[PDB]
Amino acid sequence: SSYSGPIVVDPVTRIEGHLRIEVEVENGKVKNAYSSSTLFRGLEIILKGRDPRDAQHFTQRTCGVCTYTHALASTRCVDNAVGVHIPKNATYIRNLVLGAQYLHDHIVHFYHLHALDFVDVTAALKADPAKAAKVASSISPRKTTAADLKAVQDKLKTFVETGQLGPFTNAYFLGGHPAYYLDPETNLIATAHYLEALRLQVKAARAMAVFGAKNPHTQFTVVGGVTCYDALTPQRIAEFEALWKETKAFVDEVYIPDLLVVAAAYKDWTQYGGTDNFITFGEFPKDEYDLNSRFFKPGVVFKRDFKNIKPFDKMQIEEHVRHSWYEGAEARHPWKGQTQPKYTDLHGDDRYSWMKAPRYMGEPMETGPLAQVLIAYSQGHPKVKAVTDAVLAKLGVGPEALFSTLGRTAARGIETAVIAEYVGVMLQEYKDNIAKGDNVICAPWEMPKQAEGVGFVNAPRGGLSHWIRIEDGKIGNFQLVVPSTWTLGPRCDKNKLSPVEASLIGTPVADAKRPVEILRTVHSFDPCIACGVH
């Protein structure tokens, strides 16, 4: 049962946005891959000629999954263009909201987007909840009882006997599937935590709203700082702190143990979906003008050579269009970017995506949690090293295991755990600064008639940059280069496969009608196509 032929997955579900994945498989293994993004909106076109202050409100609507991140990037971008150095507290509050975004985002990704590639929720019905409870209690400091889990089973049983499977309709695991390995008990624990995670994420998102007005789409950033004087009050800080502490507990006692259990059951997944090159921008600055002041530092690595991390040079970024539905074939640095749509249909003139293909020194680069974690590890980041080593030790694998779909999924968890802790450190530094009598959150500034600016965010899916050219005090050019653009964009004019496309080569496919293995790798990158294409 080794299939030869094409497989198309369209829609790719349990991602943000509209993705089509096409593969060629030979003898049950993927030998070629295309990443096709099938919605364009053209926000870059829409921004032309507007007030630079308006940009963040438009660009935030690039994506409501990685909500806030684009508001932040645009505000950093215009702050930079304008030459304003925002107050300490603006930096703290913006960082805290971003840390909260990461926790919310990664938790939802693992449970509500990725897990159904690895968990057979209906097999949870066959489980023994007492045994399942024993297992859950052995992987976590949190004690779970048979009755706890029976309640979940009971609930699911009623749901399935109604014959209305809802979001589980036609799931690849229904009836069983050879690539689904978990035992009933583990499926039940995962299913319980999925459910739990639906309520816990409400609190993680609320934490952003405490300071940032609302989630989705925060409304507290301005050029020069933030607007939320209430964020200075002990009550709001206390409210934030309690949501953060509950969120971190969930990360530490539910998410990471579950991730470890599943990784251990799918250790063959260390063999698939690796990539060669990594880029990251760093995040959580002390100094808005110095990337190297960030808790995570920027860096670039080629061909897995982490003993030679290269400095990040922003001028070495070019976005290709040769295999994209834009005019021409000329790659452009974002300060000279162009967004000129020209549709040719699928593979017309060898074009197959609405995403541009960003390249760094001409190379395709993975960005996101695995890049952030590996590079930070290689820079001697002590928190990242500690958590990473522990994870590796629990799974009983060596560092080479990180270069794969499993590795990337693990890295997402590692980054969550580290950030969850660092949020507490920032919180305390914030409190400390207020206690010193610094109550300023916004700085004055003046609009230049002409200027260039760039803003950098390491978002949950990786290195985000917004680029502006101000002319006559207005937006002359505005270009977004987004993490999923790097990772999930198409080939470049050197015909180099993108990270997702290259990572798919070698994927085994047990059942071509239910190609979960392709989803596993694609989902491990946490694609966001609204982000990628904007």
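All residue numbers are counted from 1 along the displayed sequence.
Student: Mean CA temperature factor from the deposited coordinates, higher in 238-246 or in 210-218?
Tutor: The deposited B-factors put 238-246 ahead on the C-alpha mean.
Student: Taking the mean of the C-alpha B-factors per stretch from the entry, tell me the winner out of 224-232 and 265-273.
Tutor: Comparing 224-232 with 265-273, the higher mean C-alpha B-factor belongs to 265-273.
Student: Just to confirm, going by the entry's C-alpha B-factors, which of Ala71, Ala459, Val387, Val454 comes out highest?
Tutor: Across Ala71, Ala459, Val387, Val454, the entry lists the biggest C-alpha B-factor for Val387.
Student: Sorting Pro448, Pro358, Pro369, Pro341 by Cα temperature factor from the record, which one lands on top?
Tutor: Going by the entry's C-alpha B-factors, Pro448 comes out highest.
Student: Mind checking which third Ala33 falls in for C-alpha B-factor across the chain?
Tutor: Its C-alpha B-factor belongs to the middle third of this chain's values.
Student: Based on the deposited C-alpha B factors for this chain, I'd like to know if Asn170 is in the lowest, middle or highest third.
Tutor: Its C-alpha B-factor, which the entry lists for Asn170, ranks in the highest third among residues of this chain.
Student: Quick check on the deposited entry: does the C-alpha B-factor of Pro11 sit in the lowest, middle or highest third of its chain?
Tutor: Middle third - that is where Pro11 ends up once the chain's C-alpha B-factors are sorted.
Student: Could you place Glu24 in the lowest, middle or highest third of its chain by Cα temperature factor, using the values in the record?
Tutor: According to the entry, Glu24 has a C-alpha B-factor in the chain's highest third.
Student: Taking the entry's C-alpha B-factors for this chain, is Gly64 in the lowest, middle or highest third?
Tutor: Tercile = lowest for this residue's CA B-factor.
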